[PDB]
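Below you'll find the structure, written out as structure tokens, and then a few comments.
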Amino acid sequence: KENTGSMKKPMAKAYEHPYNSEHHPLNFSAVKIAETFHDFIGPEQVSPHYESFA
Amino acid sequence: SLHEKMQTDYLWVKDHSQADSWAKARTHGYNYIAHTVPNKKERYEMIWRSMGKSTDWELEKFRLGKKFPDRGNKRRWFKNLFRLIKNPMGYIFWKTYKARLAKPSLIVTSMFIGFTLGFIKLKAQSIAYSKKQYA
Amino acid sequence: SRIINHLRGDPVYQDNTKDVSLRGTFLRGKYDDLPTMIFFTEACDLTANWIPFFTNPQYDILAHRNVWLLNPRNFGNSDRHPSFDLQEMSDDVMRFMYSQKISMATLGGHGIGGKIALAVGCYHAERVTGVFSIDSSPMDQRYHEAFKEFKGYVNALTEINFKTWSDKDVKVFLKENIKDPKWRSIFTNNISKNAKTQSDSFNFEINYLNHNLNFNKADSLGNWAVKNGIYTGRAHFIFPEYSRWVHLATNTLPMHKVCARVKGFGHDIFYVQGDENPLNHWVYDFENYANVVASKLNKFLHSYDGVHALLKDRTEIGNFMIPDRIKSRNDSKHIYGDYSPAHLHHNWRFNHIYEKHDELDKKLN
Amino acid sequence: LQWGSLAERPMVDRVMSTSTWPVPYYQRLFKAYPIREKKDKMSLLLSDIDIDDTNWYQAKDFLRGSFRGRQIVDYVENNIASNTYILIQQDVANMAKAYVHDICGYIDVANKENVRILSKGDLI
Ligand SMILES: CCCCCCCCCCCCCCCCCC(=O)OC[C@H](COP(=O)([O-])OCC(O)COP(=O)([O-])OC[C@@H](COC(=O)CCCCCCCCCCCCCCCCC)OC(=O)CCCCCCCCCCCCCCCCC)OC(=O)CCCCCCCCCCCCCCCCC
Ligand SMILES: CCCCCCCCCCCCCCCCCC(=O)OC[C@H](COP(=O)([O-])OCC(O)COP(=O)([O-])OC[C@@H](COC(=O)CCCCCCCCCCCCCCCCC)OC(=O)CCCCCCCCCCCCCCCCC)OC(=O)CCCCCCCCCCCCCCCCC
Ligand SMILES: CCCCCCCCCCCCCCCCCC(=O)OC[C@H](COP(=O)([O-])OCC(O)COP(=O)([O-])OC[C@@H](COC(=O)CCCCCCCCCCCCCCCCC)OC(=O)CCCCCCCCCCCCCCCCC)OC(=O)CCCCCCCCCCCCCCCCC
Ligand SMILES: CCCCCCCCCCCCCCCCCC(=O)OC[C@H](COP(=O)([O-])OCC(O)COP(=O)([O-])OC[C@@H](COC(=O)CCCCCCCCCCCCCCCCC)OC(=O)CCCCCCCCCCCCCCCCC)OC(=O)CCCCCCCCCCCCCCCCC
Ligand SMILES: CCCCCCCCCCCCCCCCCC(=O)OC[C@H](COP(=O)([O-])OCC(O)COP(=O)([O-])OC[C@@H](COC(=O)CCCCCCCCCCCCCCCCC)OC(=O)CCCCCCCCCCCCCCCCC)OC(=O)CCCCCCCCCCCCCCCCC
């Protein structure tokens with residue numbers, strides 16, 4: 001009997017806010033400022049060498 | 001017997017198939033040495049051990065063979081200069097991260113800025129006084 | 001029976017330090033193919049005592065790796081040789097790994113055992129994936145109070161003569177001469193009666209050991225010599241908060257001094273929250289100490305052990321590319337760029353998994 | 001579809017690397033996070049939260065996906081005198097009642113059979 005089960009059709013989509021995006025988030029937080037910050041300073045500059053540059 | 005048995009065994013001493021394509025350090029560490037670290041003597045021991053494995057601890061082969069520099073450090077000053085030009089704030093940020101972990105007081109930070117900007121302000125006045133002497 | 005398999009043999013006194021064979025217990029893992037772990041017990045201490053730690057379902061360490069509970073030379077069932085040079089004792093393990101067809105292994109140790117584990121990585125780093133040291137440090141412990149007692153007890157054990165002394169004479173000797181309960185129990189269980197009850201003796205070489213400790217020089221087990229060098233691979237240190245062997249104040253610096261990749265406290269060096277108790281050295285007895293060691297041990301084996309230096313964790317395997325040094329490859333027409341370093345199978349030498357998968361890859365194409 | 005060997009683990013856990021001399025000096029400070037994508041992973045906030053209403057609400061959602069589960073839901077939400085859907089068993093009172101009321105009902109079955117067998121004929 002369990003094998004005979006089926007699945008209902010779910011809703012197509014929920015509400016899509018016309019003024020919020022992943023790159024331009026509507027509300028503010030320090031998390032998004034952190035993403036923009038580490039994109040500016042770039043990722044950790046990992047050295048492949050065995051001795052320091054200086 | 002077991003010692004020589006494994007030394008002769010090809011499987012025990014065999015480079016992987018891709019070993020040729022891998023990046024190979026062509027130095028034992030004698031080109032750029034750390035002179036003032038507390039493990040200084042420990043570093044030399046690993047250089048001495050690496051030189052011995054290459055010659056089966058018959059260092060006469062090393063004395064007769066060719067000695068080479070660390071060609072991996074070539075053009076390292078130019079490369080860091082271009083990275084500083086590409087993104088100076090990122091280059092400065094990460095090169096000073098471990099140092100900036102210990103932040104001094106507000107007073108000290110202010111003294112740095114105040115004395116630095118004051119020195120730049122006097123430098124500008126001396127540039128102006130030179131234009132007064134030229135006139 | 002099956003999970004617990006300890007090869008059986010008789011110790012052999014050897015004049016040559018290279019003709020030394022190591023013996024110990026092997027704990028099989030739950031899964032078919034798993035990398036191997038080699039663990040060294042405290043000096044003069046039984047391997048069996050560590051079985052409940054590595055065979056506890058709550059910890060489930062065997063789910064990660066196969067464990068070789070191995071005895072160093074002059075200890076337990078392994079061969080006997082007066083020299084205790086960590087370079088010689090490290091080559092012994094390399095021959096064991098060869099005879100057992102082990103390409104590379106995870107190394108662990110307790111106390112002085114931790115030193116033995118780290119020495120192998122120092123002398124044979126290309127074949128060691130990681131080191132996990134418990135209540136030990138690559139340091140000179142000749143003047144540590146904990147070592148002096150062990151150094152003192154071993155000297156007292158040389159006074160007993162089993163031929164003349166009776167069984168009761170021994171028990172009275174230990175209680176009075178040995179105050180520490182754990183050391184006392186360890187030494188009692190180390191006494192064994194040879195076949196035909198000819199006489200009783202210690203499983204460990206009491207003569208060769210006392211000379212190493214009593215002489216109290218560079219070759220002493222308490223000492224860590226500069227000759228041992230540096231360990232290049234992954235290393236994690238775990239010790240009690242109040243430990244007589246490793247003091248948090250200054251005994252952590254040797255880790256940075258000897259291990260190049262050790263990041264520092266909170267990443268590769270941890271202390272277990274505990275009270276002042278001379279028995280805290282034996283973490284496997286107290287659940288609180290063991291539960292933390294196991295969690296930290298399982299974390300080292302799962303995410304940090306056998307991972308390239310410049311990679312943070314095992315998660316970065318296949319998605320983080322390491323920069324390449326210029327003029328490091330033989331090919332001249334090579335555009336230098338970032339690459340993900342190669343991580344090989346734990347026993348790729350003594351199997352043909354690469355030869356097999358190469359064939360399967362061709363069938364796809 | 002292909003599943004491989006149940007015993008074997010992923011090749012990541014088996015694949016290892018070893019160190020050598022020289023060693024890179026650089027100590028990694030942070031993990032690289034160039035792309036902000038953490039999909040298909042559940043939040044770690046859901047760690048030590050006690051039983052609450054979300055447990056019986058999500059249970060019905062999953063039970064309603066099965067035929068036998070739909071019967072349990074309808075019966076529980078209609079034919080159980082409880083002031084809350086957060087069911088907590090601290091006693092076996094309701095369990096023993098249902099057993100004594102059932103195992104006892106099947107009494108007299110043998111005595112009933114004896115009536116038929118014994119009422120069949122008279123020994124005399
Ligand atoms: C027409 C011809 C004219 C042009 C000709 C062309 C010539 C152009 C010159 C370019 C030269 C090549 C450039 C190479 C890169 C930059 C130089 C460099 O050393 O980088 C490597 C150096 C470290 O080398 P590394 O081995 O790669 O790093 C390993 C570790 O990550 C590092 O951290 P660690 O702690 O883990 O490891 C040890 C660490 C330990 O040491 C340190 O980490 C240093 C600690 C510093 C951080 C402490 C906090 C202070 C910083 C706060 C930020 C303030 C600035 C930003 C705020 C305002 C916004 C602008 O490093 C060391 O070993 C010792 C430090 C190096 C020796 C001392 C150098 C001192 C001067 C460097 C700073 C410049 C000061 C300003 C001077 C300019 C005056 C206008 O990087 C830095 O520490 C910072 C670099 C920033 C330099 C900016 C100035 C560039 C101009 C360079 C000219 C030479 C200096 C002249 C000043 C003379 C005064 C005495
Ligand atoms: C019959 C008439 C004939 C007329 C023609 C006569 C001409 C005779 C030609 C024959 C002479 C050449 C002989 C062939 C050499 C072959 C040797 C060899 O195999 O390569 C070695 C050499 C080795 O370099 P590497 O192994 O690849 O790596 C270097 C290390 O990693 C080091 O790199 P690093 O990253 O570690 O940093 C350190 C580096 C860089 O360190 C520095 O910081 C110095 C930077 C100097 C440039 C910048 C000066 C500052 C002012 C400007 C500011 C620029 C930056 C500003 C940034 C922006 C500011 C906001 O230090 C160096 O100086 C490297 C130079 C290469 C080593 C040679 C020994 C130098 C010792 C003397 C030093 C003082 C002289 C410096 C000369 C400039 C060198 C680039 O490679 C070469 O450079 C070969 C150069 C030969 C090029 C020949 C091209 C054709 C020549 C003919 C064209 C027509 C000329 C017409 C002239 C007309 C009359 C004027
Ligand atoms: C030592 C102590 C004393 C120091 C004294 C002061 C030193 C000089 C200060 C200069 C500061 C000017 C800043 C300019 C704006 C920078 C704003 C910015 O966001 O930076 C990123 C910015 C890059 O942003 P981007 O525009 O989006 O370019 C990225 C593209 O992907 C790029 O595409 P790509 O990847 O395909 O290109 C390859 C890449 C790497 O290749 C190279 O760059 C290496 C070779 C470059 C040639 C050598 C440069 C020579 C100087 C340039 C020419 C003269 C000045 C031009 C005017 C520059 C001022 C805007 O090129 C670049 O990195 C960017 C292009 C470099 C400029 C080349 C063209 C120059 C002509 C500009 C024409 C447009 C302006 C109109 C004319 C303005 C005059 C009226 O960097 C630059 O553009 C150049 C910055 C140069 C800074 C050098 C020195 C910095 C460190 C000084 C340390 C001071 C000491 C205190 C430190 C304390 C530490 C404790
Ligand atoms: C193109 C133009 C070329 C010309 C200009 C060239 C300029 C080049 C300057 C480049 C940068 C200098 C090198 C810095 C290396 C990187 C930073 C660093 O040092 O690593 C951090 C490291 C320790 O800092 P930390 O790790 O962050 O630990 C601190 C804690 O986190 C928290 O703090 P704490 O609780 O542990 O202790 C309190 C606090 C103590 O509070 C302080 O930090 C004291 C600083 C107060 C402000 C001083 C005024 C600002 C100076 C810059 C403006 C110059 C004014 C105009 C000069 C006119 C005359 C030329 O400690 C500190 O935070 C650091 C003090 C250690 C001394 C810092 C290095 C000396 C000061 C900078 C030298 C400036 C020279 C500029 C001109 C040189 C011309 C030849 O410092 C060291 O390297 C240790 C070295 C031993 C220092 C003690 C003995 C020094 C005795 C010589 C004194 C020389 C005075 C020079 C006077 C200049 C003329 C008046
Ligand atoms: C209801 C009760 C009251 C509630 C009040 C509400 C408070 C709200 C707090 C809001 C916090 C804001 C957070 C954002 C700012 C954080 C970033 C920051 O820079 O903080 C420092 C922050 C923390 O430094 P720290 O090492 O942790 O030390 C923390 C404290 O200083 C502690 O250091 P310490 O433990 O060593 O203590 C020693 C202390 C010892 O001090 C004493 O024992 C006595 C002080 C006596 C002062 C006598 C003054 C005499 C004046 C004579 C002048 C006469 C000339 C007048 C001219 C008249 C002309 C006719 O000396 C100092 O610490 C010097 C600190 C300088 C303080 C300057 C302000 C003083 C008065 C503020 C009054 C505010 C109302 C409070 C009323 C409370 C009354 C009970 O520094 C950083 O590391 C961040 C980067 C800083 C870079 C330097 C440049 C920063 C400047 C821009 C900052 C942003 C914009 C401006 C913000 C305001 C800055 C003043």
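A note on labels: chains of the structure tokens are A, B, ... as shown, every chain counts residues from 1, and ligands are counted from 1 in their shown order.
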
Exercise. Starting from chain D, keep only residues with some atom at most 8 Å from an atom of chain A, counting only C-alpha atoms, and report them as number ranges by chain.
Key: D: 22-26, 28-30, 32, 34, 65-68

Practice problem: Give as a PyMOL selection string the residues surrounding ligand 4 up to a distance of 6 Å, considering only C-alpha atoms and all ligand atoms. | Solution: chain B and resi 99+102-104+108+111-112+115-116+119

Using N, CA and C atoms, can you export the residues from the last selection as a compact mmCIF listing (two decimals), in the first residue's frame?
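Generated file (again22.txt):
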```txt
# COMPACT_ATOMS: atom_id res chain seq x y z
N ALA B 99 50.96 41.31 12.87
CA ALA B 99 51.47 42.41 13.69
C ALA B 99 50.33 43.23 14.28
N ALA B 102 48.11 42.66 17.85
CA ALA B 102 48.42 43.38 19.08
C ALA B 102 48.27 44.87 18.80
N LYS B 103 47.12 45.41 19.16
CA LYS B 103 46.84 46.81 18.86
C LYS B 103 47.21 47.67 20.06
N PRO B 104 47.98 48.74 19.88
CA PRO B 104 48.29 49.61 21.02
C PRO B 104 47.10 50.45 21.45
N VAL B 108 48.58 55.89 21.93
CA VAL B 108 49.73 55.60 21.07
C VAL B 108 49.35 55.76 19.61
N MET B 111 49.26 59.34 18.80
CA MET B 111 50.59 59.93 18.72
C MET B 111 51.26 59.61 17.39
N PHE B 112 51.15 58.36 16.93
CA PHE B 112 51.66 58.00 15.61
C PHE B 112 51.09 58.91 14.54
N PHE B 115 52.11 62.79 15.04
CA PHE B 115 53.49 63.11 14.70
C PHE B 115 53.77 62.88 13.22
N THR B 116 53.13 61.88 12.62
CA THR B 116 53.33 61.63 11.20
C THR B 116 52.73 62.76 10.37
N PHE B 119 54.71 65.97 10.77
CA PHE B 119 55.94 65.95 9.98
C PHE B 119 55.65 66.21 8.51
```

Exercise. Enumerate as number ranges by chain the residues within 12 Å of ligand 2, counting only C-alpha atoms and all ligand atoms.
Key: A: 53-54; B: 69-86, 88; C: 326-327

Sorted per-residue table, chain B near chain C, closest atoms and distance, 6 Å, only C-alpha atoms, as JSON lines:
```
{"residue": "B:23", "atom": "CA", "partner": "C:329", "partner_atom": "CA", "distance": 5.0}
{"residue": "B:24", "atom": "CA", "partner": "C:328", "partner_atom": "CA", "distance": 5.3}
{"residue": "B:39", "atom": "CA", "partner": "C:257", "partner_atom": "CA", "distance": 5.6}
{"residue": "B:42", "atom": "CA", "partner": "C:229", "partner_atom": "CA", "distance": 4.5}
{"residue": "B:45", "atom": "CA", "partner": "C:229", "partner_atom": "CA", "distance": 5.9}
{"residue": "B:72", "atom": "CA", "partner": "C:326", "partner_atom": "CA", "distance": 5.2}
```

Practice problem: Can you check which residues of chain B DSSP gives as alpha helix (DSSP H) on the backbone and send them as a ChimeraX atom specification? | Solution: /B:2-8,40-54,60-64,76-86,88-95,97-100,106-134

Quiz item: In terms of the shortest atom-to-atom distance over only C-alpha atoms and all ligand atoms, which of B:43, B:132, B:121, B:95 is closest to ligand 1?
Solution: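 Once distances to ligand 1 are computed over only C-alpha atoms and all ligand atoms, the minimum belongs to B:95.
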
Residues of chain B that have any atom at most 7 Å from an atom of ligand 5: could you tabulate them with the shortest-distance atom pair and the distance in Å to one decimal, using only C-alpha atoms and all ligand atoms, ordered by chain and increasing number, as CSV?
```
residue,atom,partner,partner_atom_place_in_ligand_line,distance
B:103,CA,ligand 5,83 (O),6.4
B:104,CA,ligand 5,26 (O),6.1
B:105,CA,ligand 5,26 (O),3.3
B:106,CA,ligand 5,24 (O),4.1
B:107,CA,ligand 5,64 (C),6.2
B:109,CA,ligand 5,88 (C),5.2
B:110,CA,ligand 5,88 (C),5.2
```

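Surrounding region 153-163 of chain C within 10 Å are residues 44, 147, 169, 170, 173, 174, 177, 178, 179, 180, 183, 184, 187, 198, 199, 200, 201, 202, 206, 207, 209, 210, 211, 213 and 214 of chain C, with only C-alpha atoms counted and residues fewer than 6 positions along the same chain left out.
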
For the residues in the current selection, export C-alpha atoms as a PDB file, in the first residue's frame.
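Once everything was written out, this is part.pdb:
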```pdb
ATOM      1  CA  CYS C  44      57.221   0.458  30.735  1.00  0.00           C
ATOM      2  CA  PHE C 147      60.446  12.118  35.281  1.00  0.00           C
ATOM      3  CA  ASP C 169      59.265 -10.187  49.087  1.00  0.00           C
ATOM      4  CA  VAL C 170      58.433  -8.497  45.776  1.00  0.00           C
ATOM      5  CA  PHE C 173      59.287  -4.117  47.907  1.00  0.00           C
ATOM      6  CA  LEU C 174      56.956  -2.373  45.456  1.00  0.00           C
ATOM      7  CA  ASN C 177      59.669   1.695  47.163  1.00  0.00           C
ATOM      8  CA  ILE C 178      56.869   2.686  44.757  1.00  0.00           C
ATOM      9  CA  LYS C 179      54.436   5.245  46.159  1.00  0.00           C
ATOM     10  CA  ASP C 180      52.581   6.082  42.951  1.00  0.00           C
ATOM     11  CA  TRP C 183      53.302   3.119  38.299  1.00  0.00           C
ATOM     12  CA  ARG C 184      53.128   0.365  40.924  1.00  0.00           C
ATOM     13  CA  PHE C 187      55.240  -2.583  37.023  1.00  0.00           C
ATOM     14  CA  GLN C 198      62.175 -21.101  35.573  1.00  0.00           C
ATOM     15  CA  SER C 199      61.959 -17.632  37.148  1.00  0.00           C
ATOM     16  CA  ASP C 200      60.088 -14.333  37.010  1.00  0.00           C
ATOM     17  CA  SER C 201      61.413 -11.249  35.237  1.00  0.00           C
ATOM     18  CA  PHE C 202      60.267  -7.903  33.879  1.00  0.00           C
ATOM     19  CA  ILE C 206      65.500  -3.112  33.367  1.00  0.00           C
ATOM     20  CA  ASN C 207      69.289  -2.965  32.902  1.00  0.00           C
ATOM     21  CA  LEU C 209      66.691   1.254  30.698  1.00  0.00           C
ATOM     22  CA  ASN C 210      68.272   2.264  34.009  1.00  0.00           C
ATOM     23  CA  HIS C 211      71.560   3.088  32.286  1.00  0.00           C
ATOM     24  CA  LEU C 213      67.929   7.189  32.699  1.00  0.00           C
ATOM     25  CA  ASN C 214      70.551   7.010  35.453  1.00  0.00           C
TER      26      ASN C 214
END
```

Quiz item: Which one is closest to chain D: C:289, C:271, C:31, C:304? Count only C-alpha atoms.
Solution: C:31

Quiz prompt | All strand (DSSP E) residues (DSSP, backbone) inside region 105-352 of chain C, as number ranges by chain | solution = C: 105-110, 128-134, 191-193, 200-202, 234-240, 269-272, 344-345
